[PDB]
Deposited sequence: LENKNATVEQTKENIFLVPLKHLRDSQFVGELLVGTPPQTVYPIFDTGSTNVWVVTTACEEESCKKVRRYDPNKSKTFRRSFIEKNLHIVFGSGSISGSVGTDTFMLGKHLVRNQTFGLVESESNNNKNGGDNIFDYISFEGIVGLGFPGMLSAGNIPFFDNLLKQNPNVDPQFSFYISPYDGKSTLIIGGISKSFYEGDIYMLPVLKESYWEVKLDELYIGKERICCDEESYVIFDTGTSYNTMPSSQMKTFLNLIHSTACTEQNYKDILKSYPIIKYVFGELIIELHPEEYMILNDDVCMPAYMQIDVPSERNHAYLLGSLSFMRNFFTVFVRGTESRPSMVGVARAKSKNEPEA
């Protein structure tokens, strides 16, 4: 019981959903498990958009343990992918046979693009289980993950994502099934994200960072890696897209640069086959600009598609927090 698995299903686009049970008796939802945010969100019967009506919507009136929050707060969140709004409440959650009572969460009432048709019209969004820190907790006293640990005192305070039908969130421990070699540890900074100091960044022989304080954030909620907007053109000039097939892409990418993230004594090298994705016979880098609240201009995300596909990540919760990285098996 004390180390347990949450199998993740890869639905398109990317991100990866697991089974969460909410309310009494339990209603099932398939949220994404997001280290890049903190709030729990659940799509509800309050959302009357077609994008909500098409999924399994949580019905708070069917939950005996649901309590609408006393403070009637409307939360608006602008993600990089779209916007969600709704109100706040409390309920009992079940994750992987573990109970988490009196958990604050957002009840989705609305979903939109940030500008007509939006991402939610394409995907099957049912919510977010944020695994970030209290600095982006919009309502309530305690983040989900800290609450689960509080109410489950024999769980070790850690979780890890193994990406790629064999993706799984492992809570309380790790498995040698998922990684090779050693795990190196970096201290977490600030109060919002699984954020670490970045000392330098090279694209092949070119140093492109760092002269100010800079940071990497480990974000399972985003497929892509990122750079700050000022370095958008930097990256696009040094790493071109190019024609490729399934048959020749290894040869085409032999000429591409190694991207080196320098975290002090630890250097993570992303080889071309680890950061270039093949879509429509084009090799394109899995990098884009994305606004990071509270870390504009100096944050670099490491996402799921490039980074976690190749590197097993362990997230150790301070009881100071640490991130562990090792090569995926």
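If you line the structure up with the deposited chain, the stretches without a C-alpha atom are 1-12, 128-130, 180-182, 338-340, 351-357.
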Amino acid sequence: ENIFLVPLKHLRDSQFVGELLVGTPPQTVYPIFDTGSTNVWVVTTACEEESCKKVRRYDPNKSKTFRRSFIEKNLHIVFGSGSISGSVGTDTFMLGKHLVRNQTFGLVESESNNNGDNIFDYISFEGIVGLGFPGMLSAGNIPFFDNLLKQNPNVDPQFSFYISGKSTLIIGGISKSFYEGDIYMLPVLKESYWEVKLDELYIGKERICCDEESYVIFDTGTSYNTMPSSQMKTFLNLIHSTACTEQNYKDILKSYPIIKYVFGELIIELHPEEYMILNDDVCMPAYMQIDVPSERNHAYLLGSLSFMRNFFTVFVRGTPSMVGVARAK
From here on, numbers count along this sequence of modelled residues.
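As the entry records it, the average C-alpha temperature factor is higher for 45-53, out of 45-53 and 258-266. Between the stretches 55-63 and 299-307, it is 55-63 that shows the larger average CA temperature factor. Of all the options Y184, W194, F79, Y224, the entry's greatest CA B-factor is assigned to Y184. Among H240, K190, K233, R207, the highest C-alpha B-factor recorded in the PDB entry belongs to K233.
Per the deposited record, the Cα B-factor of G127 falls in the lowest third when ranked against the other modelled residues of its chain. Sort the chain's modelled residues by C-alpha temperature factor and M322 lands in the middle third, per the entry.
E212 sits in the highest third of its chain by CA B factor, as recorded in the PDB entry. Ranked within its chain, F105 lands in the middle third, by CA B factor from the PDB record.
Per-chain ranking of the deposited C-alpha B factor places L137 in the middle third.
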